Amino acid sequence: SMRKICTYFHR
Amino acid sequence: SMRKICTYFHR
Amino acid sequence: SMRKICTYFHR
Amino acid sequence: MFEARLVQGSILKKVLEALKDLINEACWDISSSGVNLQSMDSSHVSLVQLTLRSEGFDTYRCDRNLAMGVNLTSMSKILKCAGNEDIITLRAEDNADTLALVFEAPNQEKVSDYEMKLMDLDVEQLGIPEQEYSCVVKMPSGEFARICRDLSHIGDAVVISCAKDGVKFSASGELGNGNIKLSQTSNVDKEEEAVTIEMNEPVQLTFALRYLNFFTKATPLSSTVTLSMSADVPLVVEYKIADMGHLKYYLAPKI
Amino acid sequence: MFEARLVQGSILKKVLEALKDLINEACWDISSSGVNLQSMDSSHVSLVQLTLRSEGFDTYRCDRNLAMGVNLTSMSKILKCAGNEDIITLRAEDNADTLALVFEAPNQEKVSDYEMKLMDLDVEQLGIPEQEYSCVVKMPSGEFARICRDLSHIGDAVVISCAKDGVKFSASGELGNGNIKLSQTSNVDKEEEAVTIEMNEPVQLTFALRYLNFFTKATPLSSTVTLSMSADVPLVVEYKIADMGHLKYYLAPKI
Amino acid sequence: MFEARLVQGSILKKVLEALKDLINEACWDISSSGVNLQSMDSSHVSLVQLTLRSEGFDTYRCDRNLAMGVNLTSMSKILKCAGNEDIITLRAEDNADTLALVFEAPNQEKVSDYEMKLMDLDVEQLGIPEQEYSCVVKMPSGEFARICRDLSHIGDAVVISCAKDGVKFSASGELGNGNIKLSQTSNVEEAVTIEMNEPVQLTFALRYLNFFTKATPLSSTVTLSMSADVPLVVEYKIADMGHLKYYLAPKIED
């Protein structure tokens, strides 16, 4: 599949 | 707004 | 025109 | 007012070569500390982080932090008009919504002198933590570039296995499958041909070569590149920039 | 009968390199005085003038004037089959409607020998008056080629400013605008890298890079190129051909 | 249970460069005697013959003669992933319907290691007889490639005339016609030479010849072998390991 680096960081 | 070199020479 | 080299060899 | 005189023009061109292919628009944060930029791709899967120390440049003068929004495609087009030997001076005022670029020639016959429109940008700065990585690999940038490019002809995706001994890049196609295996460098070599692996735990992750091949556009910046990995956390591809700083690429894995 | 033996084959190939990309069909005027050709583009905005003196060639023999109509793409295709070292001999009879080309090698072990069909053409010869020009610039052909090519990435049009001091090539895009400024050079080592400006009055005119970039196709004919300009009258871009003559390109400005 | 270790990786890459443009699939016949491959084009007008002697390789070990069918486009793609100085080792099992390829570097601290799926192919192997040829021409492969390429811009077809003195390549277009004449030369990669039993003039589709010349990175020279109403042979020598021969039927209209 593959997700967003949105999910892995944020702020 | 570019001309034709027919205008600039001829004959 | 042009032939097939099937014709010129075979087996 | 802000102004930075970069002697090694090329350094700059080679950077926009890396970025424009991955990100169209991005916000340049300018500081007395230097030029820092961070932006995700079109699709929010990869992220790019740029750091040029003010030490890096010959001149450098910035009074207030600037937030310059730039169409990098626009800007690449401009830098393409700069000779590799060119001295590239940058200049912006505060109220300025244009960035000036000035290219001086080797032994100064000629002086190019562009000026680029900016844009306003929303930029949710993502907190990237400093973190130890299960595996860090230092290897020829050229070899890495070459690997990601070859396997793209086998499959969509690369699997990176890593241990003490070495690192394996693999893909599966309709046509077959390929395993490219590199070993830590014995005769622990002259280092721009050499491979080294700091290894806390073995690791095996899966990434879209599609993106990696946008990253390798940075290989003209450094002989080596360093891959940093931990399970269920993004890959970091770090291209060193010639003493001025670095360009880090971040990519999410799969499922 | 007509026949011209050119030692420097290349010289001829390099000519069709310049033309075929700008004008498809054209009428070659052959004289005891030599080879003269004049033709506008598809769109009647640019005009090309060729002069090769008969003195130039090793043989040259033409009894009656010929008016040879040629698909230049057809003819370029033929010249592409000629080695750069090749001796090119040309030959036609009067009522002959095919033109023979013979390529001898310095090998003298190879001898190519083509023959090209002609066409009938209507050809309004334009009277170009020989003109004093407000500004005439002599500069590297390479640099000029390079400038017109780069600015094409900023905008549609180049503005050429000219003074005593120097000459400035500018374009405006959506993205921004660029100024490339070159200065007259002192204590001229040579001419090959050098810029010189005869100037009656300062001049600033505006031309379509579209066309200029079809002109620069001639840069393999000459290290330098000479730009000749007057207010509301066409630009002349003159590429010298190695003592045999010259290749002059003419372009209308904008209003 | 088979494995062949080829020192000069490039030699292999350069081969698939030659073939893939002319023939998509083909069956690789491997023997204790070496690697032999024969296939006609899409349209059965040109035929290609590969011969690589086992002598040619550093290792060579073949227990069962294998008949490996491969999409050469598939296989080109794989060989593109091999450095020119790469050592290419090949490996197949008996009941194996995949061929393994292993690329060792001059590094010897990179080793690529691919594996390619096969296909089943019927291919009526044609008996090619050994033949004396009225005319055999040896000339630079580069010059030949260059001639076939230029004339393709004049006409469809090349006429090759051959006499004691020299060999003449001609084509007629809508645009015109060209005659390129080469002569036997002084001192023999550089040179043109003509064994000539009787003069010959034959006509061939440049379309095909230009698929053959894709092999010119295999040899400085190429040898053309001709007799009336029997195919042309274009022979590219492979560096002592063997040869790559291309065969093409002639023409003649009414």
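Backbone-built Cβ (ideal geometry, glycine too); neighbour counts: all protein chains shown. Every number here is computed from the coordinates shown, using simple stated rules; none is lab data.
Annotations for the structure displayed:
- Radius of gyration (Cα atoms) of chain E, expressed as a multiple of 2.2 N^0.38 Å: 1.08.
- Averaged over F:71-82, number of beta-carbon atoms from partner chains that fall within 10 Å: 3
- Of the trypsin sites (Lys or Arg not before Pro) found in the stretch D:103-165, those in coil by DSSP whose Cβ has at most 14 other Cβ atoms within 10 Å are D:164.
- Fluctuation leader among D:106, D:220, D:234 - chain D, Gaussian network, Cα springs under 10 angstrom: D:106
- Estimated FRET transfer efficiency when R0 is 25 angstrom, pair residue D:132-residue D:65 (beta carbons, to 0.05): 0.25
- Rounded to the nearest 20, the size of the Cβ-charge dipole of the stretch F:48-106 about its Cα centre is 200 debye, with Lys and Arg at +1 and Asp and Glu at -1.
- Cα-only Debye scattering, the stretch E:76-203: base-10 log of I(q)/I(0) at q = 0.10 Å⁻¹: -0.67
- Chain E: most fluctuating residue of E:238, E:132, E:115 per GNM, C-alpha cutoff 10 Å: E:132
- Equivalent ellipsoid semi-axes - Cα gyration tensor, the stretch E:1-103, angstrom: 20, 17, 13
- Positive-end residue, chain E charge dipole about Cα centroid, Cβ charges, pick of E:220, E:119, E:204: E:204
- Dipole magnitude (debye, nearest 20) for chain F, charges at Cβ of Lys, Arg, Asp, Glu: 620
- Shown here for the stretch E:1-94: chymotrypsin sites (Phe, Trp or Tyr not before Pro) in loop regions (DSSP other than H, G, I, E, B) with at most 13 other Cβ atoms within 10 Å, of which there are none.
- Where labels lie 7 Å past Cα in the beta-carbon direction, separation of residue C:3 and residue E:243 in nm: 5.9
- Between the stretch F:222-254 and the stretch E:1-70, the C-alpha centres lie 42 angstrom from each other.
- Cα-only radius of gyration and Dmax that characterise the stretch D:150-255, units Å: 14.1, 44
- Highest-MSF residue in chain D out of D:17, D:174, D:85 [GNM, Cα springs under 10 Å]: D:174
- Per-pair calculated FRET efficiency, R0 = 56 Å: residue D:200 and residue F:156 via Cβ, rounded to 0.05: 0.25
- Between E:245, E:40, E:135, the Cα set farthest toward the positive side of the dipole of chain E (charges on each charged residue's Cβ, about the Cα centre) is that of E:135.
- Furthest towards positive pole of dipole, E:59, E:171, E:255, structure part chain E, Cβ charges: E:171
- Cross-link table F:13/F:237; E:14/E:168; D:217/F:214; E:13/E:117; E:217/F:77, entries beyond 25 Å C-alpha to C-alpha: E:14/E:168; D:217/F:214; E:217/F:77
- Equivalent ellipsoid semi-axes - Cα gyration tensor, the stretch D:133-185, angstrom: 20, 12, 9
- In the protein assembly as shown, helices alone account for a calculated mean residue ellipticity at 222 nm of -4500 deg cm²/dmol, with every DSSP H run of four or more residues adding -39,500 (n - 2.57).
- Overall Cα dimensions of the protein assembly as shown, principal axis frame, Å, largest first: 89, 83, 43
- Between amide H atoms placed 1.01 Å from N, distances below 5 Å from residue D:39 occur with D:48, all of them 5 or more places distant or on a separate chain.
- About the centre of its Cα atoms, the protein assembly as shown shows a dipole size close to 540 debye [charges on the beta carbon of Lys, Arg (+1) and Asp, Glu (-1) only; nearest 20 debye].
- Net charge of Cβ neighbours under 10 Å - reference residue E:142; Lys, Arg +1; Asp, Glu -1: -2
- Straight-distance crosslink candidates among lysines, where the alpha carbon sits under 18 Å from residue B:4 and sequence neighbours closer than 8 are dropped: E:248, E:254
- Angle between chain E longest axis and helix E:141-151 axis [Cα atoms, degrees, rounded to 10]: 60
- Here the gap between residue F:98 and residue F:164, fully extended at 0.36 nm per residue and compared with their Cα-Cα distance, gives a gain of 18.7 nm.
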